[PDB]
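Quick one: experimental structure and sequence below.
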Amino acid sequence: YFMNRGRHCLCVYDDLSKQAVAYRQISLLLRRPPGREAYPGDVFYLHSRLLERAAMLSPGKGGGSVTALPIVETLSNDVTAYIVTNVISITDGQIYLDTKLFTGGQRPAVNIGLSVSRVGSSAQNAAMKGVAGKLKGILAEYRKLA
Amino acid sequence: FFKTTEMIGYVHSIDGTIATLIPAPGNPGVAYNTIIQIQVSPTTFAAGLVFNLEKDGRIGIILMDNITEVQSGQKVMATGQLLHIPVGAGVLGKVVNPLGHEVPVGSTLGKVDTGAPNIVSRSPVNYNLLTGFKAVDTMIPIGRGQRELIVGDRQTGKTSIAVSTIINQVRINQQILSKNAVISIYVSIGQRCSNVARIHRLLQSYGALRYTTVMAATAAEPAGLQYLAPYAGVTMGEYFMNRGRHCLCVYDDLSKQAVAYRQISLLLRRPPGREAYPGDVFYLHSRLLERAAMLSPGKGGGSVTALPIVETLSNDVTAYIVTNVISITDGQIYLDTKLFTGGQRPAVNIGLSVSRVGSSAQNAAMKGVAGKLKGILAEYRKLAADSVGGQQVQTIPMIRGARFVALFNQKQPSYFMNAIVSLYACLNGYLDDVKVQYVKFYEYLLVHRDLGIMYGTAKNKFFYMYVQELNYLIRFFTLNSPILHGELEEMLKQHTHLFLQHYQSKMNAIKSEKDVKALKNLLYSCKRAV
Amino acid sequence: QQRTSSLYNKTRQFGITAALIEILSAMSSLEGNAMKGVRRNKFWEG
Amino acid sequence: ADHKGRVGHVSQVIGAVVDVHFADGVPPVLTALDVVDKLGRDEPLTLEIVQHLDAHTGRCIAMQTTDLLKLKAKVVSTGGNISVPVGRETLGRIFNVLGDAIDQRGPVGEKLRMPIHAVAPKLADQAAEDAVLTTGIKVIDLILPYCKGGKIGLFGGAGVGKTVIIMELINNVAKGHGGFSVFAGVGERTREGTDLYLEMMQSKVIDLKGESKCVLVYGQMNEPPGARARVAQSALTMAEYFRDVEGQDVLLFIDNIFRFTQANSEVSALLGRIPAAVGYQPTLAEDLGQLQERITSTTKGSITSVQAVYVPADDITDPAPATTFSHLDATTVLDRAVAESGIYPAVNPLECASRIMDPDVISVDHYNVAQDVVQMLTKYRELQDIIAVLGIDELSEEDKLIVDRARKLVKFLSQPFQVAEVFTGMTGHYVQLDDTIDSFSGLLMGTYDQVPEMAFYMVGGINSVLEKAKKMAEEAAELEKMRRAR
Ligand SMILES: Nc1ncnc2c1ncn2[C@@H]1O[C@H](COP(=O)(O)OP(=O)(O)OP(=O)(O)O)[C@@H](O)[C@H]1O
Ligand SMILES: [Mg+2]
């Protein structure tokens, strides 16, 4: 509603992992062919038609926006799960919260090594872009040195 | 002869050992899980069990006998009664079918589907049941009313332990009153008829058939029989339980029962589950093992001890059936292949074996010995962990652990007095000067011989190992009592001194090509003689 | 030991799921091939 | 209500699944039906509607064996869901899924009954703020504090005194918070249930001649899956009554929660539903949610549940534990190694966890002390390994004061329980929350650096430590004085 009117919005889905379970529950109750990990074949389409509605509309349409922060739960830091990979194949970037850092007192435990933003670089503010340009190299060297 | 009452329908379909019936005119009804007779021949009948009652009127039937004579279109009669099998003291010493029919060899009725005792009708497990093996009786106690699993791989010594346990009760039932006697029920499921015969001969050789009954549902018998054998077995055993007596039911084995139940369910189009087993498989085993209990004194004080046997393929305890049985039984005895090939027989892996009942199922004398025996063995294993190289150092805990792990090697069950005495001797250090290779020979001389009498040195008045009636005195009075402690130490000290002086001295002096062989043969014979 | 254990516990979970899926697929195939025949009842008597 | 006494006839019987035909229409789902025909059955037969096949036919799950059951057998609706008695008359008694006393100790004489299935509290009934549950145990109330409206996983099998801890929690909660307890045995061995009942009567938590402070609800293994999947809800309903009507902080023990999941899985398989990953039911998340969500802290009272968890095949990623752990607000690990070290309660402080370990919930002093204790214990482990290669004499004097304080802490986290005042002989202790915080805070600073190490063994509070130290000093002086005489 706000994007179509030229305003901005932020949607937080907590979480798409539990939506898939519910959709899997519905499909199996309907006796449909189970797929990988018993999830239905169209589980990917379930999240595709959702996240694709999050967009930055062109100037002609009003310059609206719906940022989306879907959440996903892994097991034993496994990013090779079926649902995890499907969402990673849809989103424009990922923030990975390593358990080891969190238990070690390092919060929010953002594992910068695995995290990435594929399209957010341009939107970064000029001031923070200046500070972050060198910070990237400093951290990169620091990880290698230890 | 099951008494037929009315015609309920006509056979419609046959799929191996599974049949379907279509209703007779008027659509007469038949009670669920009841018995029916199919008129195969003019005066002969085939037994069947009702399993499904479909909406349209069709009935699912599990055939039990005379399947080759069953044809579509035949007439079916119903008995309207559950399965009841003969039970009583008149069945002991016989081979019996799960349907109650006697199997030729070369008192009342009991329901085969009965509920287990409730919470208030049970009592804590305190009375022990001796398997005759030092390892089991010490590290994995078994108490009357307990459900102890025997899990192992093929050809590891599972059937042997249960048979020995049954045999070990013969020498006890003959002495004490029949009230406390243990009646055995061995259930063979999906085995060969040859194995049943050999077991029958083996029991008869030691005179166990007088206190034992065998229920056989062998291969070449329809799956329906193999699925009902354990339930009939406990039904025979529950007769003694409800009459203040004790029973011991052995199932060999539940692995084959589950397969038969799977075959029946799948052929009757029931929803499969994990490993294709139905959803009732856990319920099937639970309602079987839960029927083994220890009744309270207000209901006679009877009991049923269960010894289910399970075969684990490739040492995998993650299978569906194995996990379910393990989650039901009160502990487990794990028989390991490597130990069996390593000369350790019984091959109990004490690390993976457990008894949730604990010391409560041990006698006073055994409890005192086991309290220290368990601690010593753990240290030996931990120090044995460093024994892979490094020239393990022989501390007293290791000097005694090795003897303990060598006394546990046996073929036949041991009389309680012989076992408890030998463990006590090794516990107090009387075997520290005895080499590990000669332990079995030392034990044999202690049990079947008397060095003190041989050399005219014995001074004890009553405590001699040839007095087999001291067992009950030891059970009543622990070895650590002034009545028996003094003479026990004297005999052990004298026997140890004579053995070292006369026998082991000659053994260490053997230098020849034939004497060495004779010594080796003697040690091997003593290994399987006690 | 921590990497080969995960692949062993992940494999057993996948193995159970696939075997069960196969069985149900066969069950659904034999159910689908089955067809209900004409109902021979006194439809008028109702 | 309008379907009270409605009549139907059995139409199909396949194992534990029974289809009933009602001429007037099937009652609502989850309705209870009684089979009037007890021709040859030794027990009454009750069915629970789970599905509707048509406007007149309904599928149901039998709570008992379906033996001697014929088609067209008469069945009568009970007028609603399964009804369980609730009140103060159920204390000290044993029940089943149907709320029938199986202890053979006379009629219950309840004044009211409640349905098994009740909607979870709405979002508006939730508690305003998180609150701590003072269990009276030093370790639990310091390093892994429990929470009202919380679900706590008691990992660790038997042989570690699990039952003793349960009895102590039951006694302490009533002693301090005046809240009762409900124990639910789901798929539990009948032998162990008997042993637990005898122990409870021996510890006086269940006083036959007095006032009891615990209810028992047992669905055993020998019972069909239809019962094991509703016993927990029956027990939960009993707790809900105390939570709402009496406004108390009740306890709900579950032994185990995995058996509840397994039972529903079997039930789903019988109905013919397609299982999900690892053979579990597709409704696994929903089944647990409909149960756990009812366990929360409301504006009237609270229900804190201590659930015994079992990990199949030692796989923590299995869907059953994985789904369960998402509902747990605390973990208690019981280890034999600690028990073999003589530390009872046998709790591994570094293996436990809790979500309310945050200053925003607990007092700042409590959080700082707990973190300091954890850090000291972790350092004590590394120092323990260093001395293995060196010897304590090598360690620095900071690391030899830190190896002395840590040993005192490990000894100070043990506690003698009042439930064992009989079989162990030592008077029990109920250490207050504030007392524990102050005692540990003083110990960490180094105030009690002169007290002997053994003075902290099996004691409650700091005053007990001082009293034990004085007695030890007096005994030592007397022995030395006697030695000088001879
Ligand atoms: N304690 C023992 N000492 C020596 N040999 C033993 C002992 N127990 C069993 N054996 C021998 O080991 C072999 C296997 O024994 P057994 O028949 O009990 O195996 P099992 O567990 O029943 O295997 P399976 O039934 O699958 O063939 C036999 O030759 C038997 O004589
Ligand atoms: Mg065998």
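Alright, I've got the coordinates. Residues are numbered from 1 along each chain as shown, chains lettered A, B, ... in the order given. Ligands and ions are numbered 1, 2, ... in the order given.

Could you use CA atoms for every contact and neighbour count after this?
Will do.

Next, see if stretch D:202-219 gets close to chain B.
No: Stretch D:202-219 stays clear of chain B (CA under 8 Å from any CA of the partner chain), getting no nearer than 9.3 Å.

how about that stretch: buried residues?
Going by neighbour count (16 or more other CA atoms under 10 Å in any protein chain shown), the buried part of stretch D:202-219 is D:203-207, D:212-219.

Please apply the same query to stretch D:111-121.
For stretch D:111-121, the buried set under the neighbour-count rule, 16+ other CA under 10 Å, comprises D:113-117.

Filter the residues you listed down to the ones in strands?
Cross-referencing these against strands under DSSP state E gives D:113-115.

Of these, just say which sits nearest to residue A:111.
residue D:115 (49.2 Å; CA to CA).

Is it correct that that closest one is in contact with residue D:237?
Yes: Residue D:115 lies in contact with residue D:237 (CA atoms under 8 Å); the separation is 7.5 Å.

Which neighbours do these two have in common?
Common contacts of residue D:115 and residue D:237 (CA atoms under 8 Å, 6 or more residues apart in numbering or on different chains): residue D:84.

State the three-state secondary structure for the residue in chain A that chain B sits nearest to.
As assessed by CA to the nearest CA, chain B sits closest to residue A:31 within chain A, at 13.1 Å. Judged by DSSP: H, G, I helix; E, B strand; the rest coil, the three-state class of residue A:31 is coil.

Chain neighbours aside, what residue packs nearest to it?
Spatial nearest neighbour of residue A:31, excluding adjacent residues (CA to CA, 6 or more residues apart in numbering or on different chains): residue D:274 at 6.8 Å.

Now for that neighbour, how many residues are close by?
27 (other CA atoms under 10 Å in any protein chain shown).

what sits against it?
A:28-29, A:31, C:24, D:281-282 are the contacts of residue D:274 under CA under 8 Å, 6+ apart.

I'd like to know which of the residues you listed are buried.
For the contacts of residue D:274, a neighbour count by 16+ other CA under 10 Å gives the buried set as A:28, C:24, D:281-282.

which among those residues gets closest to ligand 1?
Nearest to ligand 1 out of these is residue C:24 (CA to the nearest ligand atom; 31.9 Å).

and that closest one, what does it touch?
Residue C:24 neighbours (CA under 8 Å, 6+ apart): B:272, D:274.

And the host helix or strand of residue A:45, what's buried?
Residue A:45 belongs to helix A:43-51 when assigned by DSSP states H and E. By neighbour count with 16+ other CA under 10 Å, helix A:43-51 contains the buried residues A:43-44, A:47-48, A:51.

residues near residue A:89, how many?
By other CA under 10 Å, 12 other residues sit near residue A:89.

If you could redo that for residue D:193, that was the one I meant.
Residues within reach of residue D:193, counting by other CA under 10 Å, total 20.

ok, now residue C:31?
By other CA under 10 Å, 11 other residues sit near residue C:31.

Look up phi and psi at residue A:87.
phi -70, psi -40 (degrees, to the nearest 10).

If you could redo that for residue A:75, that was the one I meant.
Backbone geometry at residue A:75, expressed as degrees, to the nearest 10, gives phi -130, psi 120.

Could you do the one 3 residues further on as well?
Comment: the main-chain dihedrals of residue A:78 come out as phi -100, psi 110, following degrees, to the nearest 10.

now the helices for the chain?
Chain wasn't specified; assuming chain A. Along chain A, counting by DSSP state H, helices occupy A:16-29, A:43-51, A:82-88, A:99-103, A:120-123, A:126-145.

try chain D instead
Assigned by DSSP H, the helices in chain D fall at D:140-143, D:162-177, D:190-203, D:225-228, D:231-244, D:257-271, D:284-292, D:319-325, D:336-340, D:364-390, D:397-412, D:433-445, D:463-485.

out of these, nearest to residue C:29?
helix D:257-271 (18.6 Å).

Single out the most deeply packed of the helices of chain A.
Highest mean neighbour count among those (mean count of other CA atoms under 10 Å in any protein chain shown): helix A:16-29, with a mean of 19.

follow-up on the earlier one: okay if I get the buried residues of helix A:43-51 as TSV plus distance to residue D:343?
Shown next, in TSV, are the buried residues of helix A:43-51 (distance: CA to CA, whole Å):
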residue	distance to residue D:343
A:43	51
A:44	52
A:47	51
A:48	55
A:51	54
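
Contacts only, for residue D:353.
Under the criterion of CA under 8 Å, 6+ apart, the contact list for residue D:353 reads D:143-144, D:330-332.

For chain D, what lies in contact range of chain A?
D:273-277, D:282-283, D:285, D:317.

so which pair among those residues is furthest apart in space?
D:273 and D:317 (23.4 Å).

circling back to that earlier point, looking at the contacts of residue D:353, which are in strands?
Per DSSP E, these map to strands at D:330-332.

Export the residues you listed as JSON lines, with columns for distance to ligand 1.
Shown next, in JSON lines, are those (distance: CA to the nearest ligand atom, whole Å):
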{"residue": "D:330", "distance to ligand 1": "44"}
{"residue": "D:331", "distance to ligand 1": "41"}
{"residue": "D:332", "distance to ligand 1": "40"}
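
Give the PyMOL command for selecting the buried subset of these.
Applying 16+ other CA under 10 Å to the ones in strands among the contacts of residue D:353, the buried members can be selected in PyMOL as follows:
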select buried, chain D and resi 330+331+332
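
And the ones in strands among the contacts of residue D:353, which is closest to chain C?
Taking CA to the nearest CA as the measure, chain C lies nearest residue D:331 of these, at 22.7 Å.

That closest one and residue D:428: what is the separation?
Note on residue D:331: its distance to residue D:428, by CA to CA, to the nearest Å, is 24 Å.

Contact residues of chain A facing chain B?
Checking chain A against chain B by CA under 8 Å from any CA, there are no hits.

Find the closest residue to ligand 1 in chain A.
Closest contact between chain A and ligand 1, by CA to the nearest ligand atom, is at residue A:37 (35.7 Å).

Report the outermost residue of chain A with respect to its centre.
Going by CA atoms, centre = their mean, the residue of chain A most distant from its centre is residue A:31, 30.7 Å out.

roughly how far apart are that residue and residue B:418?
65 Å.

Identify the residue nearest the geometric centre of chain C.
Central residue of chain C (CA atoms, centre = their mean): residue C:24, at 1.1 Å.
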